[PDB]
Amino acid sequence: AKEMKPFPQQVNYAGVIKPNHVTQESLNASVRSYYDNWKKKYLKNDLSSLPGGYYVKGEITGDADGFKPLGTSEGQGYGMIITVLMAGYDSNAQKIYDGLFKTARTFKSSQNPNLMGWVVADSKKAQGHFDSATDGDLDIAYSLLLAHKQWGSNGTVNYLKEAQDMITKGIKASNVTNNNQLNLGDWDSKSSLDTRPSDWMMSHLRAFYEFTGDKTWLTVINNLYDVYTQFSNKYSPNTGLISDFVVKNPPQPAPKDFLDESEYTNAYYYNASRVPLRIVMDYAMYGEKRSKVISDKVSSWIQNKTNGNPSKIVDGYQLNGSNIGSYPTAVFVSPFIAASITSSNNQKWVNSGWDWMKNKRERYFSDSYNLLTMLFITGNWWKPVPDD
């Protein structure tokens, strides 16, 4: 046991509530059980093309450039954050983490080699074949800052140095645009105004600043808040929602069928379902008031929309709040609960949301984001700080 931040860190962020109808021990126990199941089902280390490599079993339909996709850099980043946070419960966490990192660097991007290509497939030919996706690299780079604070950077992998390289030579170089947004991946233009708001991981960017000193990250954070408010005052003045993809200046919803991902790229659909967690963590961890304002607006809308019943949330909404989807899944429900933690007036709703999510097992995408959300709202996602 060499963890400096062993699970459970059960931190108490200023101004935020946790579910309070059960004890902290009960919260931690639910997370341990959820991780047991998550790891058994999705954590894999069976790449014949990469002995010792680990990945997260995702769902990609069907082939990608002629390869059978097994996971994505998005899932790689989720699994890497989960692995470092569960270290001290998982006694093999550092071995798994270093195996996840081995995969992330072997399947490097064909464009910027400091990033990961977006597809994991069991072929040497796939290693270095694919371009990157911004959100995968954000989570992966952030996980190396957690790893640096969890195990230190004096062993086999220099986590801090790897993070600084990925952040500066990878994400800054390829994904931070001339307009101080984040583009879609390193295949995209440095001047692109196309963006995916679930990439706007405000609290990650704060950590990038604290561990690099590069004020670029603060100017991007400040710009993205401006973009969020400019978008929502025009296109979601009552719900506070944002679309799966955002284009142009002034920002507006992407067209339907954008990048052929779905008919609902103009709406609050499966990409944007993740946004409320990404935003609210900035209030929780760094005290950003603009994050509370955005989170409270979305939280108050969904609570009224559902009459305080989280099981009435559906999988997709128009920006004016009309239902697209039909059933509750955790990648929608749990971030709506997380968005609600900045006001103590939401305690009963947070408690109800906890009961809905804590044992909710379904598939890779909802389970992984559910576990990240559970870790954050129980206080077990701690802040990496350049202290000592």
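In case it trips you up, residue 1 is the first one in the sequence shown, and so on.
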{"item": "Stretch exceeding the other in mean C-alpha B-factor - 109-117, 299-307", "value": "299-307"}
{"item": "Residue range whose averaged C-alpha B-factor is higher in the record, 65-73 or 333-341", "value": "65-73"}
{"item": "Member of 128, 185, 253, 197 with the greatest C-alpha B factor (per the PDB record)", "value": "128"}
{"item": "Options 223, 175, 229, 92 - largest CA temperature factor per the record", "value": "92"}
{"item": "Third of the chain, ranked by Cα B-factor, where residue 235 sits", "value": "lowest"}
{"item": "Relative C-alpha B-factor of residue 138, binned into the chain's lowest, middle or highest third", "value": "middle"}
{"item": "Chain third (lowest, middle, highest) by recorded CA B-factor, residue given as residue 248", "value": "middle"}
{"item": "Residue 278 by Cα B-factor - lowest, middle or highest third of the modelled chain", "value": "middle"}
{"item": "Position of residue 38 among the chain's modelled residues by C-alpha B-factor, lowest, middle or highest third", "value": "middle"}
